[PDB]
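Structure file target_31.txt (compact mmCIF, C-alpha atoms) is printed below.
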# COMPACT_ATOMS: atom_id res chain seq x y z
CA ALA A 1 17.07 85.41 117.10
CA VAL A 2 20.05 87.53 116.06
CA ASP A 3 19.90 89.24 112.61
CA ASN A 4 23.13 89.16 110.63
CA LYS A 5 23.52 92.95 110.50
CA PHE A 6 23.17 92.95 114.29
CA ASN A 7 25.56 89.99 114.90
CA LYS A 8 29.03 91.03 116.02
CA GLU A 9 30.17 87.39 116.25
CA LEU A 10 29.43 86.75 112.58
CA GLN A 11 30.99 90.05 111.51
CA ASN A 12 34.15 89.44 113.52
CA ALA A 13 34.45 85.88 112.15
CA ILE A 14 34.25 87.06 108.54
CA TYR A 15 36.87 89.76 109.16
CA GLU A 16 39.26 87.47 111.03
CA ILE A 17 39.01 84.75 108.39
CA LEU A 18 39.79 87.29 105.66
CA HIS A 19 43.09 88.03 107.44
CA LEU A 20 44.37 84.49 108.20
CA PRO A 21 47.76 84.08 106.53
CA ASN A 22 47.94 80.34 105.83
CA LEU A 23 44.56 79.55 104.31
CA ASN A 24 44.18 79.34 100.52
CA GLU A 25 41.50 81.33 98.76
CA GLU A 26 39.34 78.23 98.30
CA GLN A 27 39.32 77.60 102.05
CA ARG A 28 38.54 81.24 102.81
CA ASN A 29 35.64 81.31 100.39
CA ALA A 30 34.30 77.99 101.66
CA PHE A 31 34.26 79.43 105.15
CA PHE A 32 32.47 82.55 103.91
CA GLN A 33 29.84 80.31 102.27
CA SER A 34 29.49 78.15 105.37
CA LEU A 35 28.92 81.28 107.44
CA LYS A 36 26.16 82.33 105.01
CA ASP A 37 24.59 78.89 105.25
CA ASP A 38 24.41 79.06 109.05
CA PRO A 39 25.60 82.15 110.95
CA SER A 40 25.06 80.31 114.24
CA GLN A 41 28.15 78.36 113.28
CA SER A 42 30.38 81.47 113.38
CA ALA A 43 32.28 80.38 116.48
CA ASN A 44 32.80 76.84 115.25
CA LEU A 45 33.84 77.96 111.77
CA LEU A 46 36.27 80.59 113.07
CA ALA A 47 37.86 78.00 115.34
CA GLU A 48 38.09 75.54 112.45
CA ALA A 49 39.69 78.21 110.25
CA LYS A 50 42.26 79.07 112.89
CA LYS A 51 43.08 75.36 113.41
CA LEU A 52 43.61 74.90 109.63
CA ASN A 53 45.66 78.11 109.53
CA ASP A 54 47.96 76.80 112.24
CA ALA A 55 48.25 73.30 110.71
CA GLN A 56 49.19 74.98 107.41
CA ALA A 57 51.88 77.20 108.89
CA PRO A 58 54.89 77.14 106.56
CA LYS A 59 57.38 76.42 109.43
CA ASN B 1 27.68 80.30 95.46
CA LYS B 2 28.66 84.00 95.38
CA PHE B 3 32.05 83.84 97.21
CA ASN B 4 34.41 83.60 94.25
CA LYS B 5 37.51 85.28 92.86
CA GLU B 6 35.75 88.62 92.38
CA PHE B 7 34.62 88.60 96.02
CA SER B 8 38.21 87.96 97.08
CA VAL B 9 39.40 90.94 95.07
CA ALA B 10 36.80 93.27 96.72
CA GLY B 11 37.59 92.20 100.26
CA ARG B 12 41.28 92.73 99.65
CA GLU B 13 40.53 96.17 98.15
CA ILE B 14 38.64 97.25 101.25
CA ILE B 15 41.34 96.26 103.71
CA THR B 16 44.11 97.88 101.71
CA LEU B 17 42.48 101.35 101.85
CA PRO B 18 44.99 103.00 104.12
CA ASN B 19 42.88 105.61 105.92
CA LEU B 20 39.96 103.41 107.04
CA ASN B 21 39.99 102.04 110.57
CA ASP B 22 39.35 98.37 111.51
CA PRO B 23 35.66 98.87 112.47
CA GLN B 24 35.07 100.62 109.13
CA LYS B 25 36.78 97.91 107.11
CA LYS B 26 34.90 95.19 109.09
CA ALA B 27 31.62 96.94 108.32
CA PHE B 28 32.36 97.24 104.60
CA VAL B 29 33.54 93.60 104.52
CA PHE B 30 30.27 92.54 106.19
CA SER B 31 28.21 94.56 103.70
CA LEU B 32 30.13 92.96 100.81
CA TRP B 33 29.59 89.49 102.29
CA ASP B 34 25.91 90.28 102.81
CA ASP B 35 25.39 91.38 99.21
CA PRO B 36 28.36 90.58 96.94
CA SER B 37 26.53 92.04 93.94
CA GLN B 38 26.95 95.49 95.56
CA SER B 39 30.74 95.32 95.35
CA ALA B 40 30.86 98.32 93.00
CA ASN B 41 28.81 100.70 95.12
CA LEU B 42 30.47 99.54 98.31
CA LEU B 43 33.99 99.82 96.98
CA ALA B 44 33.34 103.32 95.72
CA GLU B 45 31.79 104.31 99.05
CA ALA B 46 34.76 102.90 100.93
CA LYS B 47 37.27 104.79 98.72
CA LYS B 48 35.30 108.04 99.17
CA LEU B 49 35.38 107.60 102.92
CA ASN B 50 39.05 106.70 102.82
CA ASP B 51 39.78 109.93 100.97
CA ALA B 52 37.70 111.96 103.44
CA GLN B 53 39.97 110.58 106.16
CA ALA B 54 43.29 111.22 104.42
CA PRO B 55 45.88 113.26 106.34
Would you mind giving the structure from this file in structure tokens?
Amino acid sequence: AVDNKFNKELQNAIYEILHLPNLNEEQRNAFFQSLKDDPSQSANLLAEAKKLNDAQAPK
Amino acid sequence: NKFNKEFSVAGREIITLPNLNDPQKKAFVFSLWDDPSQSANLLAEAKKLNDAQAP
């Protein structure tokens, strides 16, 4: 078991998601909540966030 | 459901502090995510640290 304070993957996911340019605030906060619900999903959620970011690129 | 508009404001405040490095900001962002009710203490701590690291 990995504790959240000792989980670099979780911490990096939160920080990266905070920076993504093409998400809206609702999406960002939903990701933050989903990470709280299950930190084991950090890799999946970060990948999902990046995919949505890229689909939502303005050009 | 604690990730709301106030949480957004605090995370933005942390990353805009100009003298913190990325590991520092990531750590404060984690602490805010871990306990959003501590935004006030954490934001003040981050600003203090920022000022300690000013050129």
Please provide the set of residues having any atom within 12 Å of residue 56 of chain A, restricted to all atoms listed in the file, with same-chain residues fewer than 6 positions apart removed, written as JSON, numbers by chain. {"A": [20, 21, 22, 23, 24, 27, 49, 50]}
Report as a Markdown table the residues of chain A within 7 Å of chain B, each with its shortest atom pair and distance in Å (one decimal), using only C-alpha atoms, ordered by chain and increasing residue number.
| residue | atom | partner | partner_atom | distance |
| --- | --- | --- | --- | --- |
| A:11 | CA | B:30 | CA | 5.9 |
| A:15 | CA | B:26 | CA | 5.8 |
| A:29 | CA | B:3 | CA | 5.4 |
| A:32 | CA | B:3 | CA | 6.8 |
| A:33 | CA | B:3 | CA | 6.6 |
Could you give me the centre and size, in Å to one decimal, of an axis-aligned box around all listed atoms of segment 36-51 of chain A with 8 Å added on every side, as AutoDock Vina command-line options?
--center_x 33.7 --center_y 78.8 --center_z 110.7 --size_x 34.7 --size_y 23.0 --size_z 27.5
Just give me the gap between atom CA of residue 30 of chain A and atom CA of residue 17 of chain A in Å, one decimal is fine.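 Straight-line distance from atom CA of residue 30 of chain A to atom CA of residue 17 of chain A works out to 10.6 Å.
Here atom CA of residue 32 of chain B stands at a distance of 7.8 Å from atom CA of residue 10 of chain B.
Computed from the coordinates, the atom CA of residue 6 of chain A to atom CA of residue 18 of chain B distance equals 26.1 Å.
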Using all atoms listed in the file, which protein or nucleic acid residues come within 9 Å of segment 35-41 of chain A? Drop anything in the same chain fewer than 6 positions from it, and give the result as a list in words. residues 2, 4, 7, 9, 10, 13 and 14 of chain A; 33 and 34 of chain B
Starting from the incomplete input, reconstruct N, CA, C and O atoms of segment 21-46 of chain A and report them as a PDB file, in the frame of the given file.
ATOM      1  N   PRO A  21      46.693  84.096 107.545  1.00  0.00           N
ATOM      2  CA  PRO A  21      47.760  84.080 106.530  1.00  0.00           C
ATOM      3  C   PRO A  21      47.947  82.767 105.799  1.00  0.00           C
ATOM      4  O   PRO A  21      48.535  82.791 104.700  1.00  0.00           O
ATOM      5  N   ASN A  22      47.546  81.635 106.375  1.00  0.00           N
ATOM      6  CA  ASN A  22      47.940  80.340 105.830  1.00  0.00           C
ATOM      7  C   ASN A  22      46.811  79.560 105.191  1.00  0.00           C
ATOM      8  O   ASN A  22      47.044  78.429 104.740  1.00  0.00           O
ATOM      9  N   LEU A  23      45.626  80.143 105.111  1.00  0.00           N
ATOM     10  CA  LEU A  23      44.560  79.550 104.310  1.00  0.00           C
ATOM     11  C   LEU A  23      44.823  79.840 102.834  1.00  0.00           C
ATOM     12  O   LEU A  23      45.443  80.850 102.490  1.00  0.00           O
ATOM     13  N   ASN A  24      44.322  78.977 101.940  1.00  0.00           N
ATOM     14  CA  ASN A  24      44.180  79.340 100.520  1.00  0.00           C
ATOM     15  C   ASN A  24      42.824  79.992 100.264  1.00  0.00           C
ATOM     16  O   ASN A  24      41.939  80.068 101.136  1.00  0.00           O
ATOM     17  N   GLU A  25      42.696  80.570  99.085  1.00  0.00           N
ATOM     18  CA  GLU A  25      41.500  81.330  98.760  1.00  0.00           C
ATOM     19  C   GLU A  25      40.286  80.411  98.753  1.00  0.00           C
ATOM     20  O   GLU A  25      39.195  80.840  99.138  1.00  0.00           O
ATOM     21  N   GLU A  26      40.445  79.165  98.312  1.00  0.00           N
ATOM     22  CA  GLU A  26      39.340  78.230  98.300  1.00  0.00           C
ATOM     23  C   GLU A  26      38.832  77.979  99.705  1.00  0.00           C
ATOM     24  O   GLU A  26      37.626  77.966  99.922  1.00  0.00           O
ATOM     25  N   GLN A  27      39.717  77.813 100.667  1.00  0.00           N
ATOM     26  CA  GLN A  27      39.320  77.600 102.050  1.00  0.00           C
ATOM     27  C   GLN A  27      38.601  78.830 102.563  1.00  0.00           C
ATOM     28  O   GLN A  27      37.567  78.725 103.234  1.00  0.00           O
ATOM     29  N   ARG A  28      39.187  80.019 102.349  1.00  0.00           N
ATOM     30  CA  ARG A  28      38.540  81.240 102.810  1.00  0.00           C
ATOM     31  C   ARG A  28      37.122  81.358 102.275  1.00  0.00           C
ATOM     32  O   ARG A  28      36.169  81.615 103.034  1.00  0.00           O
ATOM     33  N   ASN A  29      36.954  81.172 100.983  1.00  0.00           N
ATOM     34  CA  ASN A  29      35.640  81.310 100.390  1.00  0.00           C
ATOM     35  C   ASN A  29      34.663  80.222 100.850  1.00  0.00           C
ATOM     36  O   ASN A  29      33.456  80.499 100.976  1.00  0.00           O
ATOM     37  N   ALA A  30      35.154  79.002 101.111  1.00  0.00           N
ATOM     38  CA  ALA A  30      34.300  77.990 101.660  1.00  0.00           C
ATOM     39  C   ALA A  30      33.834  78.377 103.041  1.00  0.00           C
ATOM     40  O   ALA A  30      32.666  78.128 103.386  1.00  0.00           O
ATOM     41  N   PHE A  31      34.693  78.945 103.862  1.00  0.00           N
ATOM     42  CA  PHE A  31      34.260  79.430 105.150  1.00  0.00           C
ATOM     43  C   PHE A  31      33.215  80.534 105.021  1.00  0.00           C
ATOM     44  O   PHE A  31      32.245  80.575 105.768  1.00  0.00           O
ATOM     45  N   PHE A  32      33.449  81.483 104.113  1.00  0.00           N
ATOM     46  CA  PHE A  32      32.470  82.550 103.910  1.00  0.00           C
ATOM     47  C   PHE A  32      31.113  81.990 103.519  1.00  0.00           C
ATOM     48  O   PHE A  32      30.083  82.478 104.004  1.00  0.00           O
ATOM     49  N   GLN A  33      31.079  80.960 102.677  1.00  0.00           N
ATOM     50  CA  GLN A  33      29.840  80.310 102.270  1.00  0.00           C
ATOM     51  C   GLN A  33      29.212  79.587 103.451  1.00  0.00           C
ATOM     52  O   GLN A  33      28.000  79.651 103.625  1.00  0.00           O
ATOM     53  N   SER A  34      30.008  78.857 104.232  1.00  0.00           N
ATOM     54  CA  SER A  34      29.490  78.150 105.370  1.00  0.00           C
ATOM     55  C   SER A  34      28.882  79.099 106.376  1.00  0.00           C
ATOM     56  O   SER A  34      27.850  78.793 106.989  1.00  0.00           O
ATOM     57  N   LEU A  35      29.480  80.281 106.540  1.00  0.00           N
ATOM     58  CA  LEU A  35      28.920  81.280 107.440  1.00  0.00           C
ATOM     59  C   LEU A  35      27.561  81.783 106.924  1.00  0.00           C
ATOM     60  O   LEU A  35      26.623  82.014 107.706  1.00  0.00           O
ATOM     61  N   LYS A  36      27.420  81.925 105.606  1.00  0.00           N
ATOM     62  CA  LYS A  36      26.160  82.330 105.010  1.00  0.00           C
ATOM     63  C   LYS A  36      25.110  81.271 105.228  1.00  0.00           C
ATOM     64  O   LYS A  36      23.954  81.586 105.538  1.00  0.00           O
ATOM     65  N   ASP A  37      25.500  80.006 105.053  1.00  0.00           N
ATOM     66  CA  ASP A  37      24.590  78.890 105.250  1.00  0.00           C
ATOM     67  C   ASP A  37      24.038  78.802 106.662  1.00  0.00           C
ATOM     68  O   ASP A  37      22.848  78.485 106.840  1.00  0.00           O
ATOM     69  N   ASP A  38      24.836  79.140 107.676  1.00  0.00           N
ATOM     70  CA  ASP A  38      24.410  79.060 109.050  1.00  0.00           C
ATOM     71  C   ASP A  38      25.240  79.973 109.937  1.00  0.00           C
ATOM     72  O   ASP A  38      26.274  79.551 110.461  1.00  0.00           O
ATOM     73  N   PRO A  39      24.820  81.227 110.119  1.00  0.00           N
ATOM     74  CA  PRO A  39      25.600  82.150 110.950  1.00  0.00           C
ATOM     75  C   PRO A  39      25.751  81.726 112.392  1.00  0.00           C
ATOM     76  O   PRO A  39      26.622  82.229 113.104  1.00  0.00           O
ATOM     77  N   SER A  40      24.876  80.851 112.884  1.00  0.00           N
ATOM     78  CA  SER A  40      25.060  80.310 114.240  1.00  0.00           C
ATOM     79  C   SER A  40      26.351  79.490 114.363  1.00  0.00           C
ATOM     80  O   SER A  40      26.784  79.180 115.493  1.00  0.00           O
ATOM     81  N   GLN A  41      26.921  79.103 113.255  1.00  0.00           N
ATOM     82  CA  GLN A  41      28.150  78.360 113.280  1.00  0.00           C
ATOM     83  C   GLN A  41      29.381  79.276 113.255  1.00  0.00           C
ATOM     84  O   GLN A  41      30.489  78.768 113.097  1.00  0.00           O
ATOM     85  N   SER A  42      29.232  80.586 113.447  1.00  0.00           N
ATOM     86  CA  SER A  42      30.380  81.470 113.380  1.00  0.00           C
ATOM     87  C   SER A  42      31.531  81.056 114.288  1.00  0.00           C
ATOM     88  O   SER A  42      32.707  81.023 113.888  1.00  0.00           O
ATOM     89  N   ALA A  43      31.220  80.741 115.549  1.00  0.00           N
ATOM     90  CA  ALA A  43      32.280  80.380 116.480  1.00  0.00           C
ATOM     91  C   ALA A  43      32.970  79.099 116.077  1.00  0.00           C
ATOM     92  O   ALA A  43      34.203  79.000 116.082  1.00  0.00           O
ATOM     93  N   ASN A  44      32.201  78.105 115.687  1.00  0.00           N
ATOM     94  CA  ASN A  44      32.800  76.840 115.250  1.00  0.00           C
ATOM     95  C   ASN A  44      33.650  77.038 114.013  1.00  0.00           C
ATOM     96  O   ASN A  44      34.744  76.487 113.927  1.00  0.00           O
ATOM     97  N   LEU A  45      33.123  77.779 113.024  1.00  0.00           N
ATOM     98  CA  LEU A  45      33.840  77.960 111.770  1.00  0.00           C
ATOM     99  C   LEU A  45      35.125  78.778 111.981  1.00  0.00           C
ATOM    100  O   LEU A  45      36.163  78.478 111.375  1.00  0.00           O
ATOM    101  N   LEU A  46      35.064  79.827 112.796  1.00  0.00           N
ATOM    102  CA  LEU A  46      36.270  80.590 113.070  1.00  0.00           C
ATOM    103  C   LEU A  46      37.316  79.714 113.727  1.00  0.00           C
ATOM    104  O   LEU A  46      38.519  79.774 113.396  1.00  0.00           O
TER     105      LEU A  46
END
